[PDB]
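Peer 1:
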Amino acid sequence: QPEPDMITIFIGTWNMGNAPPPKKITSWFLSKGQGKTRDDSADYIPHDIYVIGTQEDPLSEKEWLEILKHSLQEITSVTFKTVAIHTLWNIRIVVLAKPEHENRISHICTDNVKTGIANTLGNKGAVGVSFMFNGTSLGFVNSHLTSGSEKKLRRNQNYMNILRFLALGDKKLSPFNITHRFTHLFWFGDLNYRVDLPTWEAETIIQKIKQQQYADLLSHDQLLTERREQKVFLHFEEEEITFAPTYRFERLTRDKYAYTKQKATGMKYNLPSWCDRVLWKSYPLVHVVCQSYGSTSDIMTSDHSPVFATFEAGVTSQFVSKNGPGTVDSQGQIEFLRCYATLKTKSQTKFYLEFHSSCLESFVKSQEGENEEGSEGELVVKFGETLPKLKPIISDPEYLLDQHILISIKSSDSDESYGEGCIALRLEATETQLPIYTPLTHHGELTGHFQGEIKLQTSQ
Ligand SMILES: CN1CCN(c2ccc(C#N)cc2)CC1
């Protein structure tokens, strides 16, 4: 039985509007409805992993697991295994996998973050799941962010609290938040960003939707515009949206958007919006292709429509050589030449680097770099040719070229990370000096850059 080098992952997000689902929800798992939909010829082919995010979910974990498993069994004739289920209030994540993957999945983690303080603490936040699939780390975040058209900044703050405080993945990666811990990170949910047009334009917006003319609406989508201005979701991707806004519908039809202010809305308008989203971030030069992104048309119990996304994702095998794991492979080495970090910090402390990777027996601390002043005010930390030679556990190029090195730049004074990034070892050549680059972030905000050259030696 050969180990896979690709899997397909289903991501679903649905705000259920505190109503039980209808008897049939198979269209969701089949990526059928509006948008980028899945070919009919694939309907019987199971995805490898299904990740279901709900919000305003009124069901018990048991009730929802029974509907999900029976749904997938009807579609695929496969009885899926439950990897994980985690619920915060009415926010839930379920991870299901094909039975053949049971002994490929390990290190399962779950966590939640509650957003807001006092007033604003009590129903919004996120749940997450991570695990290893053979040699590949996978993370999944289902978030229900702050509602309301005039709260995009709150949403962006909820995002930063969730990425700072959701504790998933390998805890040995202590300098790194969830945006660096996984080969593939999927973030989805009722993110609650709105189409930011005047209230008086509600019927115009509805007209545009009925004509399937989304361009003038998406140019005012707060998630796209906030992302464009680097206010939120920096270094994440989203597929092009080609489906109608998924909120706010009259229940039991999809023929009507209910946008007018009501006591039940706190006298807020809910102009038609793409509240329900799927985004991802994968390490550099790993295969990840979105194969569907859309909304269902036939599930109408909620004032939101379910959203689906599917992905091809590269995975690697759990590699064993004669040498590592449990020792170094002297035929392998990673060298760094002419490296420097450019930091936005106004501070003057010394800095050192930490290199973290599952290709190393443990993380490596560098010597302190030399601080200089950039021509436009910046701090430049020069490492020159001073960085340590990294000793991988396995030298086989079939393993080593698939790996990644996480970098943190840390203050000598405080041992606090000022910036985190990631370098792919998927190089154009071995035994050859080649440029490398990563942006550096801290709490998911840009703090600098790391650049230089790498020289990778494999056994070939
Ligand atoms: C690195 N890429 C991902 C983020 N980018 C964008 C572009 C347009 C909008 C809009 N509207 C939002 C984000 C640039 C390309």
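Just add 397 to wherever you are in the sequence shown, counting from 1, and you've got full-length UniProt numbering.
Where a beta carbon is used, it is the ideal one built from N, C-alpha and C, also for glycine.
Span of the alpha helix (DSSP H) holding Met557?
Peer 2: From DSSP, the alpha helix (DSSP H) with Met557 extends over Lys549 to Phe562.
Peer 1: Does chain B have any CB closer than 7 angstroms to the CB of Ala710?
Peer 2: Absent from the structure is chain B; it holds one protein chain and no more.
Peer 1: With which residues is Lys478 paired in a DSSP beta bridge?
Peer 2: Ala494
Peer 1: Can you check which of these residues, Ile442, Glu499, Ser527 and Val480, is closest to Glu471 by C-alpha distance?
Peer 2: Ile442
Peer 1: Between the stretch 694-712 and the stretch 567-576, are three or more C-beta pairs nearer than 8 angstroms?
Peer 2: no
Peer 1: What does the Cβ neighbour count give for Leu550, buried or exposed, with the cut at 16 atoms within 10 Å?
Peer 2: exposed
Peer 1: Which residues have their C-beta within less than 5 angstroms of a heavy atom of ligand 1, listed in chain order?
Peer 2: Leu621, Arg624 and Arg625
Peer 1: Just the Cα atoms here: how many angstroms apart are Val675 and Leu649?
Peer 2: 25 angstroms
Peer 1: Mapping DSSP to helix, strand and coil, what is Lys762?
Peer 2: strand
Peer 1: Tell me whether the beta-carbon of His541 lies closer than 7 angstroms to the beta-carbon of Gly586.
Peer 2: It is a contact, given that the beta carbons lie within the stated cut-off.
Peer 1: What separation, rounded to the nearest whole angstrom, lies between the Cα atoms of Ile514 and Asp508?
Peer 2: 19 angstroms
Peer 1: Between the Cα of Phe528 and those of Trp486, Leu560 and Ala494, spot the shortest distance and give me the residue it belongs to.
Peer 2: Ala494
Peer 1: Taking the alpha helix (DSSP H) that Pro789 falls in, what are its first and last residues?
Peer 2: No alpha helix (DSSP H) contains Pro789, which DSSP labels as neither H nor E.
Peer 1: Report the option in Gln604, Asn555, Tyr749 and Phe646 whose CA atom is closest to the CA atom of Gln764.
Peer 2: Nearest C-alpha to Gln764: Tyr749.
Peer 1: Have a look at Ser503, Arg552, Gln688 and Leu837 and flag the residue whose alpha-carbon is nearest the alpha-carbon of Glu623.
Peer 2: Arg552
Peer 1: Quick check: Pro669 and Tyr680, are their CB atoms within less than 7 angstroms of each other?
Peer 2: 7 angstroms or more divides the Cβ of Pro669 from the Cβ of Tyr680.
Peer 1: If contacts are defined as beta-carbon pairs under 8 angstroms, then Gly729 and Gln854 qualify, I think. What distance do you get, rounded to the angstrom?
Peer 2: 6 angstroms
Peer 1: Between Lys605 and the rest of its own chain, which residues show a CB-CB distance below 8 angstroms, the 5 nearest in sequence each way excluded?
Peer 2: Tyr611, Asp613 and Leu614
Peer 1: Since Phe847 sits in a beta bridge, which residues does DSSP pair it with?
Peer 2: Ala738 and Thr835
Peer 1: Between which two residues does the beta strand (DSSP E) holding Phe530 run?
Peer 2: Start and end: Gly522 to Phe530.
Peer 1: Looking at C-alpha atoms only, which residue of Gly663, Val592 and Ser503 is the closest neighbour of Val526?
Peer 2: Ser503
Peer 1: Just to confirm the assignment, what range does the alpha helix (DSSP H) spanning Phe585 have?
Peer 2: Premise fails: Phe585 lies in the beta strand (DSSP E), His581 to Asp587, not in any alpha helix (DSSP H).
Peer 1: Provide the residue(s) that pair with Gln730 in DSSP beta bridges, ordered along the chain.
Peer 2: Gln854
Peer 1: Taking only three categories from DSSP, how would you classify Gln619?
Peer 2: helix
Peer 1: Using a threshold of 7 angstroms, state whether the C-beta atoms of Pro572 and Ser805 are closer than that.
Peer 2: yes
Peer 1: Start and end of the alpha helix (DSSP H) containing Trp461?
Peer 2: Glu458 to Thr473
Peer 1: Please list the terminal residues of the continuous beta strand (DSSP E) segment that includes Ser503.
Peer 2: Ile502 to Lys511
Peer 1: Closer than 6 angstroms by C-beta to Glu732: which residues in its own chain qualify, once you throw out the five before and the five after it? Chain order, please.
Peer 2: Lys786 and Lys852
Peer 1: Here's the rule I'm using: 16 or more other beta-carbon atoms within 10 Å means buried, otherwise exposed. How should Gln619 be labelled?
Peer 2: buried
Peer 1: Assuming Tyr737 and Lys779 form a contact by the criterion Cβ under 8 angstroms, report the distance between their Cβ atoms to the nearest whole angstrom.
Peer 2: Between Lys779 and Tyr737 the Cβ distance is about 5 angstroms, and since that is below 8 angstroms, they are a contact.
Peer 1: If I follow the unbroken beta strand (DSSP E) through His577, where does it start and stop?
Peer 2: Counting along the chain, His577 falls outside any beta strand (DSSP E), though it belongs to the alpha helix (DSSP H) covering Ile575 to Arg578.
Peer 1: Mind checking whether the beta-carbon of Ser503 lies closer than 6 angstroms to any heavy atom of ligand 2?
Peer 2: With respect to ligand 2, the structure shown offers nothing to examine, as its ligands consist of ligand 1.
Peer 1: Taking the beta strand (DSSP E) that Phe426 belongs to, which residues open and close that run?
Peer 2: Per DSSP, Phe426 belongs to no beta strand (DSSP E); it is in the alpha helix (DSSP H), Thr423 to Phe426.
Peer 1: Go through its chain and collect everything with a Cβ distance to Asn555's Cβ below 6 angstroms, but skip five positions before and after it.
Peer 2: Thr512, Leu542 and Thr543
Peer 1: DSSP state of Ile602, grouped into three classes?
Peer 2: helix
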